[PDB]
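Asks: give the three-dimensional model of this entry:
(chains A, B and C)
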Amino acid sequence: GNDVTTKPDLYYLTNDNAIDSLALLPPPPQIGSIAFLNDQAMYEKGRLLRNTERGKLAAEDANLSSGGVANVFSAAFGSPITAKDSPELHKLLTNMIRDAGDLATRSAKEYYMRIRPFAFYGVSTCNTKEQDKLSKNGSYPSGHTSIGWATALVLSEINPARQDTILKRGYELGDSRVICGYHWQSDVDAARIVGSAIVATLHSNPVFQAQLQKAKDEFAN
Amino acid sequence: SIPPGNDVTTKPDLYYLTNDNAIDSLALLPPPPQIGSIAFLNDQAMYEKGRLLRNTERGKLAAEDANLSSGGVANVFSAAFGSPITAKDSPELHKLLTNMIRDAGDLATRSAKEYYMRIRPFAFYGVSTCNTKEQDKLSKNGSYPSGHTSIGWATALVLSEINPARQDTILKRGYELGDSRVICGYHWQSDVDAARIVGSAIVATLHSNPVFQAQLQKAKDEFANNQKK
Amino acid sequence: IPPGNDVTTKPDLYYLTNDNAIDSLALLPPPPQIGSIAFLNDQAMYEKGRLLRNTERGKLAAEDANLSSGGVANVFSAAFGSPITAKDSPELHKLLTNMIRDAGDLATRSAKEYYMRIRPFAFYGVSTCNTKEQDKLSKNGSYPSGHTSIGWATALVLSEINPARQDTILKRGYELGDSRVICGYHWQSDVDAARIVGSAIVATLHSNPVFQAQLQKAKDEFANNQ
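Replies: Numbers count the residues shown, from 1 in each chain, chains lettered A, B, ... in the order given. Below is the structure in question.
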């Protein structure tokens, strides 16, 4: 598939530099297991939240295309993350979006092809724009949640004064996917492990290293 | 903010970080599974699945992995890393990994361990683990999240940053350290699961610290020079 | 037994009388009750089959659930090793067509009528993977499954005739039951109990002379075509 050699505005890494998610992760819970009972309970708990303030935030979080995940950390980061206001940071975060969303997750997604909750239950997610495509995908692990958690780790390295609010925010992104029906709870749980892994790999990459330094200097100035 | 305890200002060979730089694990993590919940039925099932494994090869390795005091986590990555991790053979790397053990083991976990004081599985079931040597120490502790698994996973992330060629074996090894703690009954599965999150967070924090950054560079340089022998 | 047809009223479909039939209500345990852990498992297994309805296995499941009674014999041909049909094996086809209602009805009746368990598609208000047979069965008692009792009984008999492929026959019979779970007409526990009544009714048939005779005729037909 696509990697740094075919769309370099969205990947830093090659196909060999990528994590083998299929070898690292445990299999998802199978129907019949206690763990999958818990996935079902968590889907219902999330559903009852869709009609609250927390559900509205969940739907806004599931709107984000790739390019707007950076943006949604602004309140937690302490200042706006935009091509205009913090361009070197925005460029860094846009270039790692596909390493975490796609490369870290590809081998597992395609092997298990887990059905997503809205398809399992034959009902709509909490914003239906964002479904028609993802439906065909494998639910396990979440490429979303992997992106969001990796982003929060990088941002935490850049502004530790707010790590606790940055990190909670990243955690809440995964919860939003559960509330909205896009993923099972265990999809998000495994996505955060591959998120940490892909952050380490990025810290071994020279292009990433340079861009990260530029972003730290932007933040210091 | 974190309860009181040691940090870099009192044991600078075992921490890079101050109490103020530590993750608030109590705020970040969900509560442990509560008794009465489906999730705790699953923790009980995973305790049993691990118990039936104690008399196999995997149980052998699990028991060997639970011998390790802190300082020997370095050593157990050697096979996976591709070369020996020791004061003698790679002093800069060993120093890097030793200076951070209580950042991942203590600071990353403290507010949560002390807030929930979760009972460990062997204490819950009134029986011994598969290696009775480290037991007495731990019984009274909070199980959630696991400090040992936090150390192991943070170590794996750093080692992966240094030798990406063996990421896959290194991460596996790190992952499996947590499973060993489950197999012997030292921790519930959900303790290990949360330890890997706070472990990741603490590695991010460490990457913002000048002393860590510098020592990491020394270790990367040492590793590139040993690849030429 | 509750009342119904037997050898005296439809003799092309039964070998046994109502007095010869197993009392399935006396033999089987009650079905899993709503509130029970076992019924949690029935529900998980229903969902597990439902996700399979799209797979190739679910396609085999749906083709298996087309079969009315007449035509269950036939679906063993691949497994049995040669075609089982009025044309190619008339004695075997006769043997199996005459025992279809013994296993499908007599072995199951008292229990079916006492428990009147709701079938899964009715419980969930959703359609099966094969909407052709639905409307008629909905009202019956799900527990035990008459289809699975037929399939498992047939497999035991055919294994007796061609032991060389017993393992593949038994499996095929087993899978007939699983298909009923995949397609939504029975709970897992319905199929589990039907295989017990299937075994029982095969013992009964082995004590019936008309059956023994037809079985011998079929064993000879099969050795002569080998």
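Asks: what kind of secondary structure is the residue in chain A that chain C sits nearest to in?
Replies: Proximity of chain A to chain C (Cβ to the nearest Cβ) peaks at residue A:31, 4.2 Å away. Placement of C-beta: from N, CA and C, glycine included. For residue A:31, the assignment made with DSSP: H, G, I helix; E, B strand; the rest coil gives coil.
Asks: what sits against it?
Replies: Residues counted as contacts of residue A:31 (Cβ atoms under 8 Å, 6 or more residues apart in numbering or on different chains) are C:44-45, C:47-48, C:51.
Asks: which strand or helix spans the closest residue to chain B within chain A?
Replies: Going by Cβ to the nearest Cβ, chain B is nearest to residue A:196 of chain A, at 3.8 Å. Using DSSP states H and E, the element containing residue A:196 is helix A:185-203.
Asks: is any residue of that helix near chain C?
Replies: No: using Cβ under 8 Å from any Cβ of the partner chain, helix A:185-203 stays clear of chain C, coming no nearer than 15.5 Å.
Asks: once you drop chain neighbours, what's closest to residue A:50?
Replies: residue A:126 (4.7 Å; Cβ to Cβ, 6 or more residues apart in numbering or on different chains).
Asks: touching chain B at all, stretch A:158-169?
Replies: Yes: Stretch A:158-169 is in contact with chain B by Cβ under 8 Å from any Cβ, via A:158, A:160, A:163-164, A:167-168.
Asks: stretch A:213-221 too?
Replies: No: judged by Cβ under 8 Å from any Cβ, stretch A:213-221 stays clear of chain B, getting no closer than 9.1 Å.
Asks: okay, that stretch in PDB with CA atoms only?
Replies: The C-alpha trace of stretch A:213-221 is given here as PDB (Å, rounded to 0.1, in the frame of the first residue of the first chain):
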ATOM      1  CA  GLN A 213      13.100  20.000  16.200                       C
ATOM      2  CA  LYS A 214      11.600  22.700  14.000                       C
ATOM      3  CA  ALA A 215       8.300  22.400  15.900                       C
ATOM      4  CA  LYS A 216      10.000  22.600  19.300                       C
ATOM      5  CA  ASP A 217      11.700  25.800  18.200                       C
ATOM      6  CA  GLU A 218       8.400  27.200  17.000                       C
ATOM      7  CA  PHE A 219       7.000  26.500  20.400                       C
ATOM      8  CA  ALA A 220      10.000  28.100  22.200                       C
ATOM      9  CA  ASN A 221       9.900  31.200  20.100                       C
END
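Asks: show me what it is in contact with.
Replies: A:86-89, A:92, A:158-159.
Asks: which positions within the helix or strand hosting residue A:214 qualify as buried?
Replies: Using DSSP H and E, residue A:214 maps to helix A:206-220. Residues A:208, A:211-212, A:215-216, A:218-219 are the ones in helix A:206-220 that count as buried (16 or more other Cβ atoms under 10 Å in any protein chain shown).
Asks: that helix versus helix A:185-203: what angle between them?
Replies: Relative orientation of helix A:206-220 with respect to helix A:185-203: 90 degrees, computed using axes from the mean of the first three to the mean of the last three Cα atoms, to 10 degrees.
Asks: quick one: what helix or strand has the residue nearest to residue A:165 when sequence neighbours are not counted in it?
Replies: Nearest residue to residue A:165, sequence neighbours excluded (Cβ to Cβ, 6+ apart): residue A:76, at 4.5 Å. Assessed by DSSP H and E, residue A:76 sits inside helix A:74-77.
Asks: tell me the first helix or strand C-terminal of that helix.
Replies: Downstream of helix A:74-77, the next assigned helix or strand under DSSP H and E is helix A:87-95.
Asks: what's the angle between that next one and helix A:185-203?
Replies: 120 degrees.
Asks: please state the offset of helix A:87-95 from the chain centre?
Replies: 16 Å (Cα atoms, centre = their mean, to the nearest Å).
Asks: what are the buried residues along that helix?
Replies: In terms of neighbour count (16+ other Cβ under 10 Å), helix A:87-95 has its buried residues at A:88-95.
Asks: can you check stretch A:157-176 too?
Replies: A:157-160, A:162-167, A:169-176.
Asks: roughly how far is that stretch from the heart of the chain?
Replies: Offset of stretch A:157-176 from its chain centre (Cα atoms, centre = their mean): 12 Å.
Asks: using CSV, write out every CA atom in it.
Replies: Provided in CSV are the C-alpha atoms of stretch A:157-176 (Å, rounded to 0.1, in the frame of the first residue of the first chain):
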residue,chain,number,x,y,z
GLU,A,157,6.8,15.8,24.4
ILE,A,158,6.5,19.3,23.1
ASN,A,159,4.5,21.0,25.9
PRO,A,160,4.9,18.9,29.2
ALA,A,161,3.4,21.8,31.2
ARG,A,162,0.0,20.5,29.8
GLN,A,163,0.7,16.8,29.4
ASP,A,164,-2.2,15.9,31.7
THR,A,165,-4.7,17.8,29.7
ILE,A,166,-3.1,16.8,26.5
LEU,A,167,-3.1,13.1,27.3
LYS,A,168,-6.7,13.1,28.7
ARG,A,169,-7.8,14.8,25.5
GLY,A,170,-6.2,12.1,23.4
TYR,A,171,-7.7,9.4,25.6
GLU,A,172,-11.2,11.0,25.2
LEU,A,173,-10.9,10.8,21.4
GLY,A,174,-10.9,7.0,21.6
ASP,A,175,-13.9,7.1,23.9
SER,A,176,-15.7,9.3,21.3
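Asks: check which helix or strand the residue nearest to residue A:50 maps to.
Replies: Short version, using DSSP H and E: residue A:126 is in no helix or strand.
Asks: I figured it was touching residue A:58, is that so?
Replies: Yes: Residue A:126 is within contact range of residue A:58, at 6.3 Å (criterion: Cβ atoms under 8 Å).
Asks: what do the two both touch?
Replies: A:50, A:179-180.
Asks: can those residues go into a markdown table with extra columns for neighbour count and secondary structure?
Replies: Putting those into a markdown table (neighbours: other Cβ atoms under 10 Å in any protein chain shown; DSSP: H, G, I helix; E, B strand; the rest coil) gives the following:
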| residue | neighbour count | secondary structure |
| --- | --- | --- |
| A:50 | 17 | coil |
| A:179 | 27 | helix |
| A:180 | 26 | helix |
